[PDB]
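Colleague: Please find one structure pasted underneath; my questions will follow.
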2 protein chains.
Amino acid sequence: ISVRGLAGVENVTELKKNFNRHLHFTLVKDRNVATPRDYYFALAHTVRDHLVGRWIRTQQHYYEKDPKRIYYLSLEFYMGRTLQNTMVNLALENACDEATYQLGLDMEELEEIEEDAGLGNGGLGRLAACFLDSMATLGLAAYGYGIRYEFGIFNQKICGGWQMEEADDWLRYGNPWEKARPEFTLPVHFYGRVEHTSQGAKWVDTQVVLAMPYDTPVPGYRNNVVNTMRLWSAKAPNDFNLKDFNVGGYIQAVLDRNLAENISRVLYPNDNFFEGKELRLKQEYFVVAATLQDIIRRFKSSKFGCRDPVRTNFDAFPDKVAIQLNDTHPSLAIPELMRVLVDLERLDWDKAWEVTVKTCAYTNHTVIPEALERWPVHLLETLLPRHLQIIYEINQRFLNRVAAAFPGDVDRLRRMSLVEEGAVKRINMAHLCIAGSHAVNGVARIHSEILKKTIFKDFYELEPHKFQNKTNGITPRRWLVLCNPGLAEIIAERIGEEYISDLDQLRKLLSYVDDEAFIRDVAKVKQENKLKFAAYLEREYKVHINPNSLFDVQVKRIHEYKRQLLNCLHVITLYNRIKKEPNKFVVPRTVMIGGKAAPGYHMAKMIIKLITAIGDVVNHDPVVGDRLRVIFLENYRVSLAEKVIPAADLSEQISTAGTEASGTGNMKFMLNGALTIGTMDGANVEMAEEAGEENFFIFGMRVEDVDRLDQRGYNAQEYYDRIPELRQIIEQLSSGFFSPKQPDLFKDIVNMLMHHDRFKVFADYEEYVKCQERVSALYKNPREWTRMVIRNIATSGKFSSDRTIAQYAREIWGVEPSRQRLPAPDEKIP
Amino acid sequence: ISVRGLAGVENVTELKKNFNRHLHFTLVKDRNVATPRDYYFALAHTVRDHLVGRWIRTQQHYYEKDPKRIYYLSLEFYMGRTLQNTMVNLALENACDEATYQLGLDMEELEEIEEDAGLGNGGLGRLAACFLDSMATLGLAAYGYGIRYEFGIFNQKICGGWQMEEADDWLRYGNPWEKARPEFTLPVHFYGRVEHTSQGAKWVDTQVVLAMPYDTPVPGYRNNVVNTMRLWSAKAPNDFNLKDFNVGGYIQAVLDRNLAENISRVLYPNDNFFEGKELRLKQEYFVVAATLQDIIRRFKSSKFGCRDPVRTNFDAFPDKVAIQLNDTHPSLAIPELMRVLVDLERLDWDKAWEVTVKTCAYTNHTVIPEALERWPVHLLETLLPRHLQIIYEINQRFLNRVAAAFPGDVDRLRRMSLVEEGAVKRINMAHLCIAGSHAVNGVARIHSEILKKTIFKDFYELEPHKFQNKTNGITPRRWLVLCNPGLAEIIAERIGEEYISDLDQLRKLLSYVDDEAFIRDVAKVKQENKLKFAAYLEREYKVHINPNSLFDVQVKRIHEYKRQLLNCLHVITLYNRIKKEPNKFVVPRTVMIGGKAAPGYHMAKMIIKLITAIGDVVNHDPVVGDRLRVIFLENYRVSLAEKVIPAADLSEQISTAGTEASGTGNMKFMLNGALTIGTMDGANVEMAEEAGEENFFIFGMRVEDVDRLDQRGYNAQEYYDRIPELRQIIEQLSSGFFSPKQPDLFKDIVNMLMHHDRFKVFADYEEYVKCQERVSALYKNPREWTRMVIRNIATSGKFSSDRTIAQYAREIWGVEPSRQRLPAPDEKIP
Ligand SMILES: CN1C(=O)N[C@@]2(O[C@H](CO)[C@@H](O)[C@H](O)[C@H]2O)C1=O
Ligand SMILES: CN1C(=O)N[C@@]2(O[C@H](CO)[C@@H](O)[C@H](O)[C@H]2O)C1=O
Ligand SMILES: *Cc1c(COP(=O)(O)O)cnc(C)c1O
Ligand SMILES: *Cc1c(COP(=O)(O)O)cnc(C)c1O
């Protein structure tokens, strides 16, 4: 059937009876009233059974051996569905497929019922998920720590061409993967004040919110290792949240509990944008405060909570603990670690600081200013008074370090301060992270260099040793084996299966680049993939596309820097050329644009309306025929990504050079047989470098050109004046060609494009359509297109998150990865 | 070990491995980290497994055979713990006891970990629970319908002698008994307006709240019948509760969902008191609206949703459906049934009314005016506009009936109206229920007569046929076998086990009233019970009592009509007599008073403070010694009741004649070997009638005497003037004898007692202490005390809820009870 494992005789039988046990005993249903949803849960529960045994021995193992622990703190974990992934990592896919078949059910149909774990916005959240999978696969004693939002990223609905947001009640029917652990609930404090008494400061008169943990298993790839993702839920104490007496109402007091519990109710839908709301800041301290107590408790036990030197010496803390800050969101971990060490454990400042810096590491994910976290001091002052004091003290000592290193450099001092003066005083969270971490890293080579040359230049001059790079990657399990079994099978037919956990082996595919059978196969799976997606489209969303055309897709969050608008300009250009010479041949294309716009991002929502507007015109022009279709992919999410990417021919990664830190979607397309048209931005540089620029469609300004233009001054009028095709489009938008009933509908877009384009869309226009012509030319030559594809796939190995994690492990965490199978799952009951 | 069933060889082994399966696979724990709480859940899950098989066949059965269905609507269901009860009804107690023993665990210790299902306030809520057990035991196709409050009755804490309320988070660790059924979620409407168009009225522009059901199994006693208790939970729709656009905030819109969900957040802690709050009214329509849709859906299928006459003829609706209104709380079921039939199904008014009256029945539970539901019209007008219109129309036609029956009786008309004029117009829910039901019943013979003679006199003259009586009862399973296995065993040794489902058989115990061995045994279990409680007291609450003294206990909600104050006067009297003649012998007593006071009931909370105040003085007087102890039983609830009642010697049922509708605690004490001192009120009359007044300690005014006094006019001063002992107590309270630091602390109680005692406490004082002397006299004669006890126990059979339910079934519902074992639980998988 494929190498989705063995469909053993004993195990298919075993699976079937357990499916039945759960349908009866767990679901309390009988075959006569069971619905596909019930069948999905019976299976889910049956699959979950297979990893509890391993989950328990893995955790027990780490307790016995006691290795250095890795704590990945992140406010986002974009998990997606977990049924198939679990079957894949446990070599259960074929067995389950067989058993459910014998039960008369279609596994694929049941898989579609699983709701996505949308606890993320995009890249940052998904990176965290891929990392978790890789850390488990590399046998690292790693723990993912975050918040269990009851409402993840909103589900997007397009009404009249506009995005409509609606709550993502992903828990409505329950989550069979998580395990509530109410017995490990911890208290978290807010507000209050600071008392300075005799031997130390005291955080007093605080409001208490409880953090209840929920554990979700994270299985490694076929190695019997099952790590843990602990997500905190906010709960109100039953005392004070009722007991602070003297009139108000008993009923009201109980109803008001949903005020402390709002902390984990919803994820903020902002991608690369900072919103200084109190609720967010509360979410940030909540996950940090709860997590740290859990980390210290585990440390207190270790082998110190037995003997060792005997005396809670936190000197070995960094040798046993490593906490990674996914961006600045969990940055309060630094002053909080200090607070506990200094205030509670009573360590001297300097010893505490040494420990903190040695256990913390920060990862930066963007260079755009509006994405930077700068919290107003009056907020921190009210909500976390002691942390503010600690931050000021950290700042004090840090700046003294600077003064001593750069005597008299008074401007440097203000520039490096963790405290920003002005309208309102703010705290620069990024500066905090650099100061209290022993390592700071970018997510792509150029991004990392930019940090050193620009944004964090001063910090780099002070401590050059802290700055590193760790190019992002993606997991070949979900992003290849899971979503593209067809491609994985033909690769395995030639080079085996060891590449799933050793992606570098894909290079061996280079020697089949002239193989006639392989070229035919690679081309066949892609065609099969396109047919399946073209079908899904009519199934779930309804209104035809042509599977023979070139599948041109750009899927990622809607942003001005991602330039969906530049993609739009090209689409309209194609349209206008066709209307000019109708009877001239052009390579057919289905351009698919999908992505979510943050609810308050007006421009982003305007762009979505533009895309649908273009489709309204283009898709109903008889002269165009089936040569050009414009489709907006609704509710783009992980599960939807697993469907489009494998069916894509052209991947669009056209952000303005220097704005996309790395990107990961680009990697997903490269490993799944799509060709890339893009700019020398983020990881695109390393991808073209790996496959050879000849096998890549690079265009536009490089970072240097962008800066040259900025020195000069960017004037869009110039481009409007010298390019008639561009002029024609702008006047089409301006006159209502695309919005008849509301002719001025797109005035904001035009206005922006002409007067405040921060991402110089026009500047890359000419080179973009010129380059688009070259991909059309090559698509006309199926054999050469597929051979270039093979050159990309065979060379994508470097972009696996196993590589990334192995580097973090060695160069930052100080641990050694291991592909050693944990001693079976085998029963056992001590 | 006892007749808690057989500890079979095959089944103890089977139980043990399933306990282990769940500890591993369900709890995801290993023996080395498992805590008593984990062990309790493994067991709970193991026990729950045994009844799903029966649960499924019982429900399938009713679907095949299609009998008349009984729907018990109630806003309260005081369930308590369900582990032991399930073991008892499934004959699993000894097997589980053995198996857990072999696993090295103490079952009793694990049982104590189960949280109480406190979804009730007192009598009314517990009656519903006992009924459910009886309906299952009598094989009735019955369904309990209510609300799944996430917070039940508050947990009571005594601080400085005052009651402190704290949220009852009974779901904190989860509920292994319920089964969420999100797939059967239904929509419920609120607000909106009424449109009158061409062919009928339309309820339009409403706000939608979703009702998600949760089913809990209700097993009959050893008959393999497992009925269902469906509890609704409020959920916000993800559309409008987000989709009603045009600024407000996406985050805020999501956080605001907890506004529609507040409907099922908390139970109103009022016992026999009406609070006209909107949230309550919403809770009342919510349970009614959701339930009715479920009822009609089931009816539409039946055997009509196949063939029958073919044409949705609701003429057979009453033949297939019976809905019982537990008090007026679910009274909106009447106008709602009309709304659906008329507005949606399009039946003519008269045919719809005929159906409604024929399927509905109302049970009245109190005669005090402040407990009567009278909803302001402006509330109904805003929240349920169409229901108000329907109610007015029902009123219109009803009054016309009256006018026609009593021509010219203009005062009768206003008195009987469902609409009350005055300050604010109100709707008398009780009048609504009488009009739209074919049967109205009281809960005790005297209570029922009072309804006919007083409160509903006019309604009785109009339709004498509607009024009936159904004396309350309690379940011998929980209230005997479960909480008093010792007594149940010795009874079984003599007369067998058939009495558990045929309590009348207890009469056979009359012939052992002179049996020397029996008297010794009855006396032995009571002593064992007292020793166990005296121990529990020091275990969980700490500060000694004497097991040889007479256990004088009054446990029930704190109310002025229950007269805990009269009990207080006696206690102080005993104290004062001892201080007067210290070296005179008196029968030792431990008087235990326990009960919860509604949060806003000031007097009730003052009485609790008084009780603790008396104990402070009495319990620390050296001259008193161990002859008199005053203890306030904290957090009285079902689970606590199962502990005290079996250990009680004297049961206090001293409400003012004519105020306690029936009472059920009194019955619990009678069947568990306690003697009753009380007034001729509620069921006390029928109990004394059944055991013989010679075996009862009756005192005080009868209803007639109360009325005579009211004609005359009640003047408490008179009693204060003629009884020196009474005078001495009042002046002790007035001067701070019981409250040194705050001498005027009890001015409200004294003031009330002297000037506004609605329950004439003083009037029954003399006859009360005189009577108390007689019980002390008889306690001095162990052999005769025990023989009187035997006379009570042997004669309590009439008070089993099986009797009550059998009567409801025959005289109201029109169904025949059956003690036929359902065809085993046996596997099966169609
Ligand atoms: C939102 N968001 C960011 O703020 N940074 C991001 O992180 C991802 C993983 O590091 C990168 O691939 C993206 O380029 C970057 O924009 C991202 O997706
Ligand atoms: C609160 N509450 C009432 O309103 N009525 C009650 O119902 C019980 C069951 O019918 C009766 O036994 C009580 O006497 C009556 O007070 C009760 O307990
Ligand atoms: C991989 C992924 C992303 C990141 O896409 P980029 O092109 O790097 O912005 C965002 N959303 C989803 C659903 C993803 O799978
Ligand atoms: C039986 C019961 C009641 C009713 O007691 P009465 O004496 O009828 O008021 C109240 N509370 C609990 C916990 C009960 O078990």
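Chain B is numbered as in Swiss-Prot; the shown residues are, in order, 14-843.
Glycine is no exception: its Cβ is also placed from the backbone N, Cα and C atoms.
If you look up Swiss-Prot, you'll see B:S15, B:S430, B:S514, B:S747, B:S748 marked as phosphoserine. Among the features that Swiss-Prot reports, AMP binding site is placed at B:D43, B:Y76, B:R310, B:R311, B:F312, B:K313, B:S314, B:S315, B:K316, B:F317, B:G318, B:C319. Among the features that Swiss-Prot reports, site 'Involved in the association of subunits' is placed at B:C109, B:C143, with the record citing an author's statement. The site 'Can be labeled by an AMP analog' annotation in Swiss-Prot covers B:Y156. As annotated by Swiss-Prot, phosphotyrosine applies to B:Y204, B:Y227, B:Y473, with the evidence given as similarity to another entry. Annotation comment: Swiss-Prot describes B:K681 as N6-(pyridoxal phosphate)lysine.
A description of the local structural setting of each listed feature is requested, covering burial, neighbours and distances.
Modeller: For B:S15 (phosphoserine), the count of additional Cβ atoms within 10 Å of its Cβ stands at 13 [all protein chains shown].
Its Cβ placed at the centre, B:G318 (AMP binding site) has 12 other Cβ atoms within 10 Å.
Every protein chain shown contributes to the tally, and the Cβ of B:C109 (site 'Involved in the association of subunits') ends up with 29 other Cβ atoms within 10 Å. The secondary structure of B:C109 (site 'Involved in the association of subunits'), as reduced to three states from DSSP, is helical.
Every protein chain considered, the tally of other Cβ atoms within 10 Å of the Cβ of B:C143 (site 'Involved in the association of subunits') stands at 26. In the three-state DSSP assignment, the secondary structure recorded for B:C143 (site 'Involved in the association of subunits') is helix.
Taking Cβ-Cβ distances under 8 Å and a sequence gap of 6 or more within the same chain, the neighbours of B:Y156 (site 'Can be labeled by an AMP analog') are B:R82, B:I83, B:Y84, B:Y85, B:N240, B:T241, B:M242, B:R243. The secondary structure of B:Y156 (site 'Can be labeled by an AMP analog'), as reduced to three states from DSSP, is extended strand.
Long-range Cβ proximity for B:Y204 (phosphotyrosine), meaning a same-chain Cβ under 8 A and a gap of 6 or more residues, is found for B:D218, B:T219, B:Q220, B:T395, B:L396, B:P398.
According to DSSP, B:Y227 (phosphotyrosine) sits within a strand segment.
If you draw a 10 Å sphere around the CB of B:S430 (phosphoserine), it holds 16 other CB atoms from the protein chains shown.
Listed in sequence order, B:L464, B:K465, B:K479, B:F480 are the same-chain residues six or more apart from B:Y473 (phosphotyrosine) with CB atoms under 8 A from its CB. B:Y473 (phosphotyrosine) carries a helical DSSP state (H, G or I).
Non-local contacts of B:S514 (phosphoserine) by the CB criterion (under 8 A, 6+ apart in sequence, same chain) comprise B:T150, B:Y234, B:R235, B:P489, B:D815, B:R832.
For B:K681 (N6-(pyridoxal phosphate)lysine), the same-chain residues 6+ apart in sequence whose C-beta sits under 8 angstroms from its C-beta are B:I487, B:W492, B:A654, B:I658. Look at B:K681 (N6-(pyridoxal phosphate)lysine): DSSP puts it in a helix.
In sequence order, B:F759, B:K760, B:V763 are the residues of the chain that are 6 or more apart from B:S747 (phosphoserine) and have a CB within less than 8 Å of its CB.
Around the Cβ of B:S748 (phosphoserine), the number of neighbouring Cβ atoms within 10 Å comes to 13.
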Colleague: Given a separation of at least six residues and a C-beta threshold under 8 Å, show me what packs close to B:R310 (AMP binding site) in the same chain.
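Modeller: Same-chain residues close to B:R310 (AMP binding site) (Cβ under 8 Å, separated by 6 or more): none.
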Colleague: Do any residues at least six apart in sequence from B:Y227 (phosphotyrosine), in the same chain, have a Cβ closer than 8 Å to its Cβ, and if so which, in order?
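Modeller: Non-local contacts for B:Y227 (phosphotyrosine): B:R161, B:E191, B:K192, B:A193, B:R194, B:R243, B:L244, B:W245, B:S246.
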Colleague: Taking chain A as the partner, extract the recorded positions from B:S15, B:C143, B:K316, B:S747, B:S748 whose Cβ is under 8 Å from a partner Cβ; order them by sequence and answer 'none' if none remain.
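Modeller: The recorded positions close to chain A: there are none.
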Colleague: Can you tell which of the recorded positions B:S15, B:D43, B:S314 lies nearest to B:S748 (phosphoserine) in space, using Cα positions?
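Modeller: Closest candidate to B:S748 (phosphoserine), judged by Cα separation, is B:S15.
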Colleague: Hey, what's the widest CA-to-CA gap across B:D43, B:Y76, B:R310, B:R311, B:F312, B:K313, B:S314, B:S315, B:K316, B:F317, B:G318, B:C319, the AMP contacts in the record, in Å?
Modeller: 53
Colleague: Considering only the recorded positions B:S15, B:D43, B:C143, B:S314, which residue has the minimal Cα-Cα separation from B:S430 (phosphoserine)?
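Modeller: Nearest by Cα distance to B:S430 (phosphoserine): B:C143.
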Colleague: Round to a whole number and give the Cα-to-Cα distance in Å for the pair B:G318 (AMP binding site) and B:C143 (site 'Involved in the association of subunits').
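Modeller: That comes out at 33 Å between the alpha carbons.
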Colleague: Roughly how many Å lie between the Cα atoms of B:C109 (site 'Involved in the association of subunits') and B:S314 (AMP binding site), rounded to a whole value?
Modeller: 40
Colleague: State the Cα to Cα distance, in Å, between B:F312 (AMP binding site) and B:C143 (site 'Involved in the association of subunits'), rounded to an integer.
Modeller: 26
Colleague: What does DSSP call B:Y204 (phosphotyrosine) in the simple three-state scheme?
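Modeller: Coil, per DSSP.
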Colleague: B:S314 (AMP binding site) has how many other Cβ neighbours within 10 Å of its own Cβ?
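Modeller: A 10 Å sphere around the Cβ of B:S314 (AMP binding site) contains 12 other Cβ atoms.
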Colleague: What number of additional C-beta atoms lies within 10 angstroms of the C-beta atom of B:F312 (AMP binding site)?
Modeller: 17
Colleague: When you measure from the Cβ of B:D43 (AMP binding site), which residues in the chain that are at least 6 apart have a Cβ under 8 Å away?
Modeller: B:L36, B:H37
Colleague: What is the total of other Cβ atoms whose distance to the Cβ of B:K316 (AMP binding site) is within 10 Å?
Modeller: 12
